[PDB]
Chemist: 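Encoded as structure tokens, here's the structure I'll be asking about.
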Amino acid sequence: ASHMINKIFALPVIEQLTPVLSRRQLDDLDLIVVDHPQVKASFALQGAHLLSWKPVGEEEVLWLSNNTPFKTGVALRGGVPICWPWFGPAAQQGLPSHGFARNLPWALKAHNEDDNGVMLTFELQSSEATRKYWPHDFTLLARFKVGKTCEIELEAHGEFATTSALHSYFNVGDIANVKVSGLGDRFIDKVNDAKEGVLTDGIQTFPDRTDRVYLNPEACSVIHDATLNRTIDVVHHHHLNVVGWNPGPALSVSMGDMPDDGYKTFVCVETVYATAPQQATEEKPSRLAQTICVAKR
């Protein structure tokens, strides 16, 4: 991850937005790069996709694939994919997993900054193109706060019912020692025939391919990382579910936008609204949010 992320911060500035915010470009994609005294972070306009976040004094918090394409319309591997207006495999033949918002260019609508960090608002709207495959008008906003902590808030305006996720990839020293706590009790194991399991202590380990939807997780998931000597707190709001995922080695090998050994240095802990649909009116827009906090261990 650190190598690919260092590539982004080495890129020429195409436009200086503010003293800490610049636009740059990698292959096809326009990037917004935050290089602030208290935090480094970067985004693609495509998918309003948070690619990296490193608060001062900490190692990179988000994992980004050193093998991901940066191509128009192609989902980025790593960071925090915004999965909207569906989570997981498409109901319709030929549609991708995790919706279509992560594939389209969002506008950077607003931002502000101070000595502590930066706030940014990205917007996606329906168009004749989106209405071709999803006949609902919408305006989707992704608001970020990047600083000592990282806040992500997704808000969908329209009249529709959806499922969604903030599909975060967290940089870990070694997946073989990672455990995640605060995951509650019941879960659906997608690796094993969607069987429902029950944890008695809310603690998940990732010895191999793991793909679980937690039905009753606590507000705060805690990723314990003995190798980087830290915990990452992932706080979920307005959600129904948390997903824990690591593809393990076979899948890591066959995924072309992943390094063969990529699975070693991330775990996904996702804020999810999947087991029932979320209402947007009308106007009470839907919301889904995740806050990330790093602590020593």
Side-chain angles (χ1 to χ4, degrees), residues 5 8-9 11 13-18 20-26 28-36 39-53 61-62 64 68 70-87 98-114 117-127 129-130 134 136-147 149-158 160 162 164-169 237-238 270-271 273 278 280 283 285-292:
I5 293 159
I8 288 170
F9 281 84
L11 296 168
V13 167
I14 302 172
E15 32 184 281
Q16 194 69 46
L17 286 83
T18 74
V20 306
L21 274 179
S22 62
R23 173 173 67 99
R24 315 200 192 178
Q25 188 179 347
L26 192 53
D28 284 351
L29 303 187
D30 282 331
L31 310 184
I32 306 296
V33 177
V34 176
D35 181 347
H36 176 280
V39 52
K40 285 181 178 159
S42 55
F43 293 86
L45 289 174
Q46 182 169 285
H49 198 123
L50 178 61
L51 304 176
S52 70
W53 169 55
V61 178
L62 299 172
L64 185 67
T68 190
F70 283 69
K71 296 290 194 193
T72 305
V74 173
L76 288 143
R77 180 68 60 185
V80 180
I82 290 165
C83 307
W84 191 96
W86 64 89
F87 174 66
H98 304 315
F100 57 74
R102 62 183 183 147
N103 305 90
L104 300 172
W106 300 45
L108 169 65
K109 187 185 190 52
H111 53 91
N112 64 90
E113 57 196 57
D114 63 15
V118 185
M119 297 176 57
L120 301 89
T121 299
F122 293 88
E123 181 178 78
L124 182 77
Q125 293 190 283
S126 48
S127 65
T130 69
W134 198 72
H136 308 273
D137 278 290
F138 68 86
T139 301
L140 241 195
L141 297 151
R143 300 186 163 94
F144 297 84
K145 297 198 176 175
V146 298
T149 63
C150 178
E151 308 177 21
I152 302 158
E153 176 188 64
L154 184 71
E155 176 177 283
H157 295 257
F160 40 61
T162 63
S164 53
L166 306 176
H167 193 301
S168 317
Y169 288 74
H237 277 106
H238 321 299
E270 309 176 23
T271 304
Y273 203 111
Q278 207 178 11
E283 178 94 293
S286 56
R287 295 197 279 121
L288 192 61
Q290 182 182 108
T291 294
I292 313 165

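Any value given below was found using the heavy atoms of this structure, including those in side chains, with hydrogens, waters and symmetry copies removed. Here, residue 1 is the first one in the sequence, and each next residue gets the next number.
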Chemist: Can a donor-acceptor pair be found, under 3.5 Å and without considering hydrogens, that links the side chain of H36 to the backbone of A41?
Modeler: no
Chemist: Could you report the tightest heavy-atom contact between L120 and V146, atom names first, then the distance?
Modeler: CD1-CG2, 4.3 Å
Chemist: Which atoms form the tightest heavy-atom contact between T162 and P85, and what is the distance?
Modeler: CB-O, 3.5 Å
Chemist: Evaluate the criterion side chain to side chain contact (heavy atoms under 4.5 Å, CB included) for residue pair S42 and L51; output intermediate values, then yes/no.
Modeler: CA-CA 6 Å; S42 55; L51 304 176; 3.6 Å; yes
Chemist: Considering only heavy atoms from C-beta outward, does the side chain of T130 approach that of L124 to under 4.5 Å?
Modeler: no
Chemist: What's the shortest heavy-atom distance between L21 and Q16, and which atoms?
Modeler: O-NE2, 3.6 Å
Chemist: Look at the side chain of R143 and the backbone N and O of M119, then say whether any donor-acceptor pair between them is shorter than 3.5 Å.
Modeler: no
Chemist: Applying side chain to side chain contact (heavy atoms under 4.5 Å, CB included), run through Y273 and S286 and close with a yes or a no.
Modeler: CA-CA 10 Å; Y273 203 111; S286 56; over 6 Å; no
Chemist: Can you find a pair of side-chain heavy atoms, one from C150 and one from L50, that are under 4.5 Å apart?
Modeler: yes
Chemist: Donor-acceptor check, side chain of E153 to backbone of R287, threshold 3.5 angstrom: yes or no?
Modeler: no
Chemist: Keeping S126 on the side-chain end and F138 on the backbone end, is there a donor-acceptor pair under 3.5 Å?
Modeler: yes
Chemist: Of all the heavy-atom pairs spanning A142 and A48, show the shortest one and how long it is.
Modeler: CB-CB, 4.2 Å
Chemist: Minimum heavy-atom separation for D137 to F160, with atom names?
Modeler: O-CE2, 3.4 Å
Chemist: Is there side-chain contact between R102 and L76, with heavy atoms separated by less than 4.5 Å?
Modeler: no
Chemist: What pairs with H238 under ring-ring contact (aromatic ring centres under 6.0 Å, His included), at least two apart in sequence or on another chain?
Modeler: none
Chemist: Is there a donor-acceptor pair under 3.5 Å between the side chain of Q46 and the backbone N or O of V74?
Modeler: yes
Chemist: Parallel, tilted or perpendicular: which describes the rings of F87 and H98, with under 30° parallel and over 60° perpendicular?
Modeler: tilted
Chemist: Counting distance only, does the side-chain N/O of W106 pair as donor-acceptor with the main-chain N or O of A44 below 3.5 Å?
Modeler: no
Chemist: Does a side chain donor of either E151 or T291 reach within less than 3.5 Å of an acceptor in the other side chain?
Modeler: no
Chemist: Is the ring pair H136/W134 parallel, tilted or perpendicular, if the boundaries are 30 and 60 degrees?
Modeler: tilted
Chemist: Can you give me the closest heavy-atom contact between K40 and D35, atom names plus distance?
Modeler: CE-OD1, 4.0 Å
Chemist: In Å, rounded to the nearest 0.5 Å, how long is the span from CD of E15 to CD1 of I32?
Modeler: 7.0 Å
Chemist: Just one of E123, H157, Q125 clears the side-chain hydrogen bond (donor to acceptor under 3.5 Å, both in side chains) bar with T139, so which one?
Modeler: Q125
Chemist: Is the distance from the ring center of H49 to that of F43 below 6.0 Å?
Modeler: no
